[PDB]
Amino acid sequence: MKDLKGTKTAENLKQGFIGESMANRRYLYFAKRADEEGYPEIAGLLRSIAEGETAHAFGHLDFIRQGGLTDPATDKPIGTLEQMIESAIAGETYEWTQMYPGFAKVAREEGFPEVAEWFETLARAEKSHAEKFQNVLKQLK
């Protein structure tokens, strides 16, 4: 499609993607509370609305990719499958090398060791994810 680089629309697609991604997660989490409390029609509606937000997020990504823009999460191209895997590696690498260890250090300093332990678990998990994606890329290449 038409080149979107440098436009306000490019930034709006990114912000739309972020919001739709959060909406799907939020509504599935809310649905679990409706499930527990015995509101199956509410829970089912939440889950169906969440599928709408999936469609919205994926459509934002379609326009991002067709317009020559980069991944909202990593600023890396996601045109081809190899590029997609390279974006996954980059994001996971940021999370285990910088983001979650830093979150863990701050949580410990602020006196929240249980939250710190969670952030440390997540740091190890993202390193595992990064390693698994690196193996995929080697195999594609």
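All residue numbers refer to positions in the sequence shown, first residue = 1.
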query: Stretch exceeding the other in mean C-alpha B-factor - 109-117, 83-91; finding: 109-117
query: Higher-B stretch (mean Cα B-factor, as the entry records it), 9-17 or 128-136; finding: 128-136
query: Deposited CA B-factor, highest of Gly44, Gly52, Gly59, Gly68; finding: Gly68
query: Candidate set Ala34, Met99, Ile64, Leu28 [ranked by C-alpha B-factor, highest]; finding: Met99
query: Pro77 - Cα temperature factor, lowest/middle/highest third of chain; finding: highest
